[PDB]
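In what follows, a structure is listed as structure tokens, so that the remarks can point back to it.
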2 protein chains.
Amino acid sequence: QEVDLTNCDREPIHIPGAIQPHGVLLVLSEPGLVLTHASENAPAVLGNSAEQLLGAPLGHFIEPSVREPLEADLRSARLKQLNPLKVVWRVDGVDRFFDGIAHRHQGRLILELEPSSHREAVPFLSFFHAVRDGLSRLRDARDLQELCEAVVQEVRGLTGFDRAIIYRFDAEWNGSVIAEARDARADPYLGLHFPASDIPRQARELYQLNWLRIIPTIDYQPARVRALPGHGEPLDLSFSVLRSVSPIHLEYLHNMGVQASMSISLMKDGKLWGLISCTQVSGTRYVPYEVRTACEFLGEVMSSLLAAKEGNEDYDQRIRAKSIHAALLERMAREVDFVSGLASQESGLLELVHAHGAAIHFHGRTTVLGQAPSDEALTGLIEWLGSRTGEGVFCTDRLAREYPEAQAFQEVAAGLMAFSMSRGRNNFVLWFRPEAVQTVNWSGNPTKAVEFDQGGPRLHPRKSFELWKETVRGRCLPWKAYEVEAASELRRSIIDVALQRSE
Amino acid sequence: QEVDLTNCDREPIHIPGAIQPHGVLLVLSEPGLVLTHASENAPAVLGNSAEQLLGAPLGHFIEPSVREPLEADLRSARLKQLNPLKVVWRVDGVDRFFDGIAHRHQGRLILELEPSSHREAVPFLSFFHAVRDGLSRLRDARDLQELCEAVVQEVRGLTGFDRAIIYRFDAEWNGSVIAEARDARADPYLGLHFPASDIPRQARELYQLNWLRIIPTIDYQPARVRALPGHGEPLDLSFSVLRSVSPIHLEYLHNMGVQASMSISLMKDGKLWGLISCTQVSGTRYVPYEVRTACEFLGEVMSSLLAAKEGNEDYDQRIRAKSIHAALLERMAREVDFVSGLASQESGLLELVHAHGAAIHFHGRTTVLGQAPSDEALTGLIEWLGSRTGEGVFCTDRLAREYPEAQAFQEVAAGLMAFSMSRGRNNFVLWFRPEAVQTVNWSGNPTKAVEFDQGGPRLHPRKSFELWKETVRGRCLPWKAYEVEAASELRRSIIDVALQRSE
Ligand SMILES: */C=C\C1=C(C)C(=O)N/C1=C\c1[nH]c(Cc2[nH]c(/C=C3\NC(=O)C(C=C)=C3C)c(C)c2CCC(=O)O)c(CCC(=O)O)c1C
Ligand SMILES: */C=C\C1=C(C)C(=O)N/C1=C\c1[nH]c(Cc2[nH]c(/C=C3\NC(=O)C(C=C)=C3C)c(C)c2CCC(=O)O)c(CCC(=O)O)c1C
């Protein structure tokens, strides 16, 4: 069982057959560098037709003195480190200048050409500071929030986007905007939640691999990528910066009121954690390659720091809940065994994991502490690790899926964590949590997040992003990481004590 | 009491009262920013005497334009982020430009000024690309050794040092060169071992707190930090980048044949793991502060990845170990005396941690498995285990280090593996490895590491660093971290079955 939901997760965005037409995509044979593919916008950008290019060697169109470094670079195994290449394209006698961005993927050498001449300046001083002072602000951040604020302020200052946010995925791949830097121009998304389908699963899978994408304007005609005969199979554009993006996302950006967009993957343990997401409300945003990779660099630094800076918000605790634990075990070894065990130190047991009641059961006698579910009628609870093979700390809040006799018997307080303690599943330590009922602020209605069109209706994005408060029924207060390993620490140190059973 | 605190370990290296004279140290009163200390080398570097600086407010000597931004930066609570400060020092006619490095320690505002030289788009972009490429090369490393190799290559490329090593500390705080990048003509230090007293414990503890240090030339006259009347106590220079270093380290570097140095602390679990150590054979290396902190950042990233990169190693052996664990667990449970379950897998139990001998002591009671009885005067190691902090898993390269009677048996250099089961000092399993008589290559004679070259009350170091081989007994071949984790996992499985129960 995965995720796995709607028809959003299936359009193949990585082979649209087309690019964003402000640059030119070529692919080159190896080792000859014969153009086997070329986007059809080549007349405007390069002054040659796609059919003038297909079949010719790259060096034909290149100014003679730049042929050697350019061709040596393109033969290199070190492509990513060499980008951007200086390409000087010569048609008739005219020299045009481009950033060349080359990569290899799925057996194809792809070369993308973004014009480098007549564009805006990129002040050196601001680039210099965003990189050097950005590195030092991120290193010196004391918690996740400070790390996020530094990123969005540096990336906004470096790019000039109207809005740069940190967008953090949750366990169900919905996200929320946890930091925002913005021109007063633009509406705050800070605090808003967005449904998982805004960034469907095949997009998340692409973005775990290609950590940057830019749409300098959502208003463009895709330029087809033409191929020589016998090179007509779909060209994998997974790692091409000009890849034309899914029209359903381009429609979504129109409905949101954004004209240009750029986002950078945030990674943790090889998994997509979130995005740095930049949007322009009015106007285009043709961010040059060098600026983009400075933003990618800040995103890699933040990524490398993600696990550290969030753990820092718990080092204050832990040692608290660690010396708590060392008192509960100080009081099972010198004292009873386990019986009136953590029961005499009950607000150490429930200050261990912040619950309103416990529930033990060495074939007891159970033993609440208190206002547990039903007390008497909870004998349908003490079996549940005997259903899924896990041994195993069951830790939930929405008991509306795994045992929703929180609906055919409700109760509320249905916020449970339970670990087991012996082999043939019998005895159980349960912590319950009362109901902290919460308003979650969504951007537009999350239940109508996908729309259906015709006529066997196709897929369209929602049209309103107006704030939409959801009163969430079912859920407790979140099991911050420690309620499991602090419970894991307790489970095993009590098996230790329990083994003086063999007194 | 363990290791170590001897005579080298006592020079107060944090209060030399003097700095390295290529930059100037100031300390500024708060909130008034009056100069209360200043290093006597001010005339060459700054253009005035300490006599003029002391008593005067910092804004006097600062360019009028950047006066207020500089003072605001220095009154900020958050100085680390702001470094390097742009200090435009004005003395009548000339502006002199400095990197300002400010910090607070022991209640003093310390500002250190290093002559800056100005940055150029080329090679800032090149430096930026190297740091970005360096960062992703660390995150991409496939195991520990290759993270080490990547670090020394990146750091040497960034700094231009003749040599950069990873120097790793062992249990007794001796060190070893485990990775090196160098100009090929320089002698390879790779493989050399060095005694703990080369980096004595007050240095090691300072370096646990201040992670970066550079000696741009070992030939310098320390400049005294003068002070106003009434601040004449020793100024704690723990965190100053210009702090004058211990004279016995300088002459060590002289005897080693190096002219400049720079090192980066490597931290793991809050303890000094090693150094990134950079050396120049001839000539100086005034590495700019920007380049230095980029190297320190790469060291911080390496430190964050040490455990993860080691966890990647021995991929197949881990799956093998997990197999034995299942087969071992399977038969304690299918069985009378669960202890006999593992006794019947000499093959299984010994391979789990790649040992040639094991002993299980439980409720009595020793049964020995491998060719490693140490004879059944065994009841000595077992019993000594019955002290200590028996949980979790105890492990040593060299059993003599913690248990000096271990010298008497050539069958258990290792070193164990492992652990106590039922907490009470009662019941253990032990694994043994044979001893691999090997040569350790020291650089210089480690028994004359503190040579008295005259030589009464003063301390002097080695004059010779020539390779000095030594045959070592009682060291077993290191335990892999996956073998420790297998030992801990089996321990939790044995205690599960032991609790459970009757039949
Ligand atoms: C089922 C179809 C889709 C519906 C319905 C929908 O809402 N999106 C669908 C498909 C889709 N989206 C994207 C790419 C994408 N989406 C986002 C979402 C956000 N942008 C914001 O500013 C915020 C919050 C403030 C959210 C949430 C983002 C960031 C992206 C990445 C591209 C970008 O940065 O603009 C794709 C993939 C598009 C492609 O790569 O071709 C698809 C198929
Ligand atoms: C007891 C006195 C000392 C003797 C004897 C000795 O040999 N050193 C003594 C004191 C001492 N050393 C240091 C700092 C230090 N030492 C090293 C050692 C090495 N440099 C190398 O290149 C290698 C291996 C190839 C080793 C081993 C290092 C790296 C350092 C850190 C300084 C630096 O990086 O150059 C101190 C503290 C010096 C200070 O900070 O003032 C002292 C007191």
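Ordering of the structure tokens sets the chain letters (A, B, ...); residue numbers start at 1 within each chain; ligands are numbered from 1 in the order shown.
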
Next item on the list: All residues within 7 Å of ligand 2 are required, counting only C-alpha atoms and all ligand atoms; please report them as a PyMOL selection string.
Entry: chain B and resi 7-9+11+13+167+175+177+189+194+197-200+203+213-215+244-246+248-249+252+261-263+277-279+449-450+459-462

Item checked: Residue list (helix (DSSP H, G or I), DSSP) for stretch 235-382 of chain B, as a PyMOL selection string -> chain B and resi 247-256+289-311+315-333+338-343+346-352+376-378+381-382

Notebook entry, point to check: Where in stretch 354-419 of chain A does DSSP assign strand (DSSP E), given as an MDAnalysis selection string?
Noted result: chainID A and resid 357:359 393:395 416:419

Should the cut-off be 8 Å, what would the residue list for chain A against chain B look like, counting only C-alpha atoms, as a tab-separated table (two decimals) with N, CA and C atoms, in the first residue's frame?
```tsv
chain	number	residue	atom	x	y	z
A	81	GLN	N	30.04	19.64	-14.00
A	81	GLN	CA	30.95	20.60	-13.39
A	81	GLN	C	31.39	21.68	-14.35
A	124	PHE	N	27.29	41.91	-9.71
A	124	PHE	CA	28.23	40.99	-9.10
A	124	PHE	C	28.19	41.09	-7.58
A	128	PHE	N	27.66	38.02	-5.18
A	128	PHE	CA	28.74	37.70	-4.27
A	128	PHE	C	28.23	37.54	-2.84
A	131	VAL	N	25.75	34.50	-2.12
A	131	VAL	CA	26.46	33.24	-2.00
A	131	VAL	C	27.23	33.16	-0.68
A	132	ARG	N	28.03	34.19	-0.37
A	132	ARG	CA	28.92	34.09	0.79
A	132	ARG	C	28.16	34.35	2.09
A	133	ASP	N	27.34	35.41	2.14
A	133	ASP	CA	26.54	35.66	3.33
A	133	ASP	C	25.38	34.67	3.45
A	136	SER	N	26.87	31.70	5.21
A	136	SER	CA	27.10	31.90	6.63
A	136	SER	C	25.80	32.05	7.41
A	137	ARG	N	24.75	32.64	6.82
A	137	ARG	CA	23.46	32.67	7.53
A	137	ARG	C	22.91	31.26	7.75
A	139	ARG	N	24.60	28.33	7.93
A	139	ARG	CA	25.41	27.60	8.90
A	139	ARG	C	25.10	28.03	10.33
A	140	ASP	N	24.84	29.32	10.52
A	140	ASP	CA	24.60	29.89	11.84
A	140	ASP	C	23.15	29.81	12.30
A	297	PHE	N	22.72	25.86	-5.06
A	297	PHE	CA	23.72	25.72	-4.01
A	297	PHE	C	23.13	26.03	-2.63
A	300	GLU	N	21.07	23.08	-1.67
A	300	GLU	CA	21.86	21.94	-1.22
A	300	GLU	C	22.45	22.15	0.18
A	304	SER	N	21.56	19.76	3.29
A	304	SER	CA	22.57	19.14	4.15
A	304	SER	C	22.40	19.50	5.61
A	422	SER	N	6.32	-8.80	24.92
A	422	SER	CA	6.76	-10.19	24.90
A	422	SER	C	6.51	-10.74	23.50
A	423	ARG	N	6.74	-12.04	23.34
A	423	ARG	CA	6.89	-12.62	22.02
A	423	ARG	C	5.55	-12.99	21.39
A	495	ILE	N	11.83	-4.33	29.60
A	495	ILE	CA	12.11	-5.75	29.38
A	495	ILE	C	13.32	-6.18	30.20
A	496	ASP	N	14.34	-5.31	30.27
A	496	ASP	CA	15.49	-5.52	31.14
A	496	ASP	C	15.05	-5.80	32.57
A	497	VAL	N	14.25	-4.88	33.13
A	497	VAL	CA	13.74	-5.07	34.49
A	497	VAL	C	12.86	-6.31	34.56
A	498	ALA	N	11.97	-6.48	33.58
A	498	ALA	CA	11.08	-7.64	33.54
A	498	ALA	C	11.83	-8.97	33.54
A	499	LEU	N	13.08	-9.01	33.09
A	499	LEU	CA	13.84	-10.26	33.10
A	499	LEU	C	14.36	-10.66	34.49
A	500	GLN	N	14.19	-9.84	35.54
A	500	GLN	CA	14.34	-10.31	36.92
A	500	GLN	C	13.07	-10.96	37.45
A	501	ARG	N	12.07	-11.14	36.60
A	501	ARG	CA	11.15	-12.26	36.71
A	501	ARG	C	11.87	-13.55	37.09
A	502	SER	N	13.07	-13.79	36.53
A	502	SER	CA	13.76	-15.06	36.74
A	502	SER	C	14.57	-14.97	38.03
```

Checklist line | Test item: residues at most 9 Å from residue A:274, only C-alpha atoms, excluding those fewer than 3 positions along its chain, as an NGL selection string | finding: :A and (166-170 or 175 or 264-267)

Export of prior selection with N, CA and C atoms as a tab-separated table (two decimals), in the first residue's frame:
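Contents of the output file part00.tsv:
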```
chain	number	residue	atom	x	y	z
A	166	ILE	N	9.29	28.56	1.50
A	166	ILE	CA	9.64	27.17	1.77
A	166	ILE	C	8.35	26.39	1.87
A	167	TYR	N	8.25	25.32	1.11
A	167	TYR	CA	7.06	24.49	1.04
A	167	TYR	C	7.43	23.11	1.56
A	168	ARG	N	6.80	22.67	2.65
A	168	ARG	CA	7.23	21.46	3.32
A	168	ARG	C	6.18	20.37	3.16
A	169	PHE	N	6.60	19.21	2.66
A	169	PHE	CA	5.68	18.10	2.50
A	169	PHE	C	5.40	17.45	3.86
A	170	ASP	N	4.16	17.01	4.06
A	170	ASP	CA	3.87	16.18	5.22
A	170	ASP	C	3.80	14.71	4.83
A	175	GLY	N	1.37	19.72	1.54
A	175	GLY	CA	2.41	20.62	1.97
A	175	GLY	C	1.82	21.85	2.62
A	264	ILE	N	13.14	24.62	-6.25
A	264	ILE	CA	14.35	23.84	-6.02
A	264	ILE	C	14.00	22.76	-5.03
A	265	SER	N	14.38	21.51	-5.34
A	265	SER	CA	14.06	20.44	-4.41
A	265	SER	C	14.90	20.54	-3.13
A	266	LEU	N	14.26	20.33	-1.99
A	266	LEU	CA	14.92	20.13	-0.71
A	266	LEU	C	14.89	18.65	-0.39
A	267	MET	N	16.05	18.07	-0.13
A	267	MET	CA	16.21	16.63	0.03
A	267	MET	C	16.69	16.29	1.43
```

Tell me, as a short mmCIF file (atom, residue, chain, number, x, y, z; two decimals) with N, CA, C and O atoms, in the first residue's frame, which residues lie within 12 Å of residue B:413, counting only C-alpha atoms; anything in the same chain fewer than 4 positions away does not count.
```
data_model
loop_
_atom_site.label_atom_id
_atom_site.label_comp_id
_atom_site.auth_asym_id
_atom_site.auth_seq_id
_atom_site.Cartn_x
_atom_site.Cartn_y
_atom_site.Cartn_z
N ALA B 355 34.43 -13.81 13.96
CA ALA B 355 35.32 -14.10 15.06
C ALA B 355 35.68 -15.57 14.97
O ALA B 355 34.95 -16.35 14.35
N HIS B 356 36.80 -15.95 15.58
CA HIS B 356 37.19 -17.35 15.56
C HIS B 356 36.93 -18.05 16.88
O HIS B 356 37.36 -19.19 17.06
N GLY B 357 36.20 -17.40 17.79
CA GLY B 357 35.89 -17.99 19.08
C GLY B 357 34.77 -17.26 19.77
O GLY B 357 34.59 -16.05 19.60
N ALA B 372 39.24 -20.63 20.75
CA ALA B 372 39.65 -19.48 21.54
C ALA B 372 39.18 -19.68 22.97
O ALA B 372 38.40 -18.87 23.49
N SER B 374 40.91 -19.35 25.60
CA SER B 374 41.79 -18.65 26.52
C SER B 374 42.08 -19.50 27.76
O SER B 374 42.45 -18.98 28.82
N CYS B 395 33.39 -3.38 23.01
CA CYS B 395 34.20 -3.75 21.85
C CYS B 395 35.57 -3.10 21.92
O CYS B 395 35.67 -1.89 22.14
N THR B 396 36.64 -3.89 21.71
CA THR B 396 37.98 -3.31 21.60
C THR B 396 38.83 -4.01 20.55
O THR B 396 38.86 -5.24 20.46
N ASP B 397 39.51 -3.18 19.74
CA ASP B 397 40.66 -3.57 18.91
C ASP B 397 41.72 -4.36 19.67
O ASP B 397 42.43 -5.17 19.08
N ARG B 398 41.87 -4.10 20.96
CA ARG B 398 43.08 -4.47 21.71
C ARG B 398 42.69 -4.66 23.18
O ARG B 398 42.54 -3.68 23.91
N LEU B 399 42.53 -5.92 23.59
CA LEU B 399 41.95 -6.19 24.91
C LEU B 399 42.86 -5.75 26.05
O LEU B 399 42.36 -5.47 27.15
N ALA B 400 44.17 -5.66 25.81
CA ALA B 400 45.08 -5.21 26.86
C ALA B 400 44.78 -3.78 27.30
O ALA B 400 44.98 -3.45 28.48
N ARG B 401 44.29 -2.92 26.39
CA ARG B 401 44.11 -1.51 26.71
C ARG B 401 43.19 -1.31 27.91
O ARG B 401 43.44 -0.45 28.76
N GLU B 402 42.10 -2.09 27.99
CA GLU B 402 41.12 -1.97 29.07
C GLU B 402 41.28 -3.03 30.15
O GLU B 402 40.73 -2.88 31.24
N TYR B 403 42.03 -4.10 29.87
CA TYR B 403 42.12 -5.23 30.79
C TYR B 403 43.53 -5.80 30.66
O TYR B 403 43.77 -6.73 29.89
N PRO B 404 44.48 -5.22 31.41
CA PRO B 404 45.91 -5.51 31.12
C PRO B 404 46.34 -6.96 31.36
O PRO B 404 47.43 -7.33 30.89
N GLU B 405 45.56 -7.78 32.06
CA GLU B 405 45.89 -9.20 32.09
C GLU B 405 45.62 -9.89 30.75
O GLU B 405 46.00 -11.05 30.57
N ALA B 406 44.99 -9.18 29.80
CA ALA B 406 44.72 -9.75 28.48
C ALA B 406 45.99 -10.11 27.74
O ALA B 406 45.94 -10.92 26.80
N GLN B 407 47.13 -9.53 28.13
CA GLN B 407 48.38 -9.80 27.43
C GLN B 407 48.75 -11.28 27.46
O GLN B 407 49.49 -11.74 26.57
N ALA B 408 48.24 -12.04 28.43
CA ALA B 408 48.67 -13.41 28.67
C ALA B 408 48.07 -14.42 27.70
O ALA B 408 48.51 -15.58 27.70
N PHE B 409 47.07 -14.05 26.91
CA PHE B 409 46.52 -14.97 25.91
C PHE B 409 46.60 -14.34 24.52
O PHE B 409 46.13 -13.21 24.30
N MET B 417 32.91 -7.41 21.52
CA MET B 417 32.03 -8.58 21.55
C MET B 417 32.11 -9.51 22.78
O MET B 417 32.73 -10.57 22.74
N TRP B 431 32.80 -12.88 22.03
CA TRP B 431 33.45 -13.30 20.78
C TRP B 431 34.90 -12.83 20.79
O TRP B 431 35.20 -11.72 21.27
N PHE B 432 35.79 -13.65 20.23
CA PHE B 432 37.23 -13.41 20.22
C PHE B 432 37.80 -13.48 18.80
O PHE B 432 37.40 -14.34 18.01
N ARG B 433 38.77 -12.62 18.50
CA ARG B 433 39.56 -12.68 17.28
C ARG B 433 41.02 -12.93 17.66
O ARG B 433 41.45 -12.59 18.77
N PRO B 434 41.83 -13.49 16.74
CA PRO B 434 43.09 -14.13 17.16
C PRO B 434 44.23 -13.20 17.57
O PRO B 434 44.99 -13.61 18.45
N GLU B 435 44.35 -12.00 16.98
CA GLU B 435 45.55 -11.13 16.95
C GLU B 435 46.24 -11.22 15.60
O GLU B 435 46.63 -12.30 15.16
N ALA B 436 46.42 -10.08 14.97
CA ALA B 436 47.21 -9.95 13.74
C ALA B 436 48.43 -9.11 14.09
O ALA B 436 48.40 -7.88 14.02
N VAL B 437 49.50 -9.79 14.52
CA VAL B 437 50.80 -9.17 14.69
C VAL B 437 51.04 -8.33 13.45
O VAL B 437 50.97 -8.84 12.32
N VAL B 472 53.59 -4.58 16.75
CA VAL B 472 52.64 -4.48 17.85
C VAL B 472 51.99 -5.84 18.07
O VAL B 472 51.60 -6.51 17.10
N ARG B 473 51.87 -6.24 19.33
CA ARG B 473 51.15 -7.45 19.71
C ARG B 473 49.78 -7.10 20.28
O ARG B 473 49.50 -5.96 20.66
N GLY B 474 48.90 -8.10 20.30
CA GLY B 474 47.60 -7.96 20.93
C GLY B 474 46.55 -7.11 20.24
O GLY B 474 45.57 -6.76 20.89
N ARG B 475 46.71 -6.79 18.95
CA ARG B 475 45.74 -6.03 18.17
C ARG B 475 45.17 -6.89 17.05
O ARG B 475 45.93 -7.54 16.33
N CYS B 476 43.84 -6.87 16.88
CA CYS B 476 43.13 -8.05 16.39
C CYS B 476 42.61 -8.00 14.97
O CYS B 476 42.26 -9.06 14.46
N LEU B 477 42.52 -6.83 14.34
CA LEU B 477 41.84 -6.53 13.07
C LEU B 477 40.50 -5.90 13.40
O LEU B 477 39.66 -6.54 14.05
N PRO B 478 40.24 -4.68 12.95
CA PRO B 478 39.17 -3.88 13.56
C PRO B 478 37.80 -4.53 13.39
O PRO B 478 37.52 -5.22 12.40
N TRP B 479 36.95 -4.33 14.39
CA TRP B 479 35.57 -4.78 14.30
C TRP B 479 34.80 -3.81 13.40
O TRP B 479 34.90 -2.59 13.55
#
```

Margin query: Report, in Å with one decimal, the straight-line distance from atom CA of residue B:410 to atom CA of residue B:376.
Written below: 14.4 Å

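Within 12 Å of residue B:383, once only C-alpha atoms are used and residues closer than 6 positions along the same chain are dropped, the contacting residues are residues 361, 366, 377, 390, 403, 420, 424, 425, 426, 427 and 428 of chain B.
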
Go ahead and dump the residues you just picked, C-alpha atoms, as a compact mmCIF listing (two decimals), in the first residue's frame.
```txt
# COMPACT_ATOMS: atom_id res chain seq x y z
CA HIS B 361 28.03 -17.45 30.11
CA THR B 366 30.29 -21.36 30.48
CA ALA B 377 40.83 -19.71 33.50
CA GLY B 390 28.10 -3.79 30.89
CA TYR B 403 42.12 -5.23 30.79
CA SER B 420 25.64 -8.80 29.24
CA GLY B 424 22.84 -8.05 37.05
CA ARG B 425 26.47 -8.59 35.98
CA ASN B 426 25.48 -12.24 35.49
CA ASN B 427 25.30 -13.55 31.95
CA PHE B 428 27.38 -12.76 28.88
```

Note to self: Which residues are near residue B:367? Cut-off 10 Å, only C-alpha atoms, ignore same chain within fewer than 6 positions. Put them as a PyMOL selection string.
What the structure shows: chain B and resi 339-340+343+358-361+373+376+429

Margin query: I want to know what sits within 8 Å of residue A:158, based on only C-alpha atoms, with residues of the same chain fewer than 6 positions away left out; could you give that as a PyMOL selection string?
Written below: chain A and resi 126-127+130+291+295

Go ahead and write the selection's residues with C-alpha atoms as a tab-separated table (two decimals), in the first residue's frame.
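Result file follows (selection22.tsv):
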```
chain	number	residue	atom	x	y	z
A	126	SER	CA	24.67	41.04	-4.84
A	127	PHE	CA	25.55	37.66	-6.33
A	130	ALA	CA	23.97	36.08	-1.59
A	291	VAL	CA	21.96	32.65	-10.63
A	295	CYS	CA	20.01	29.13	-5.68
```
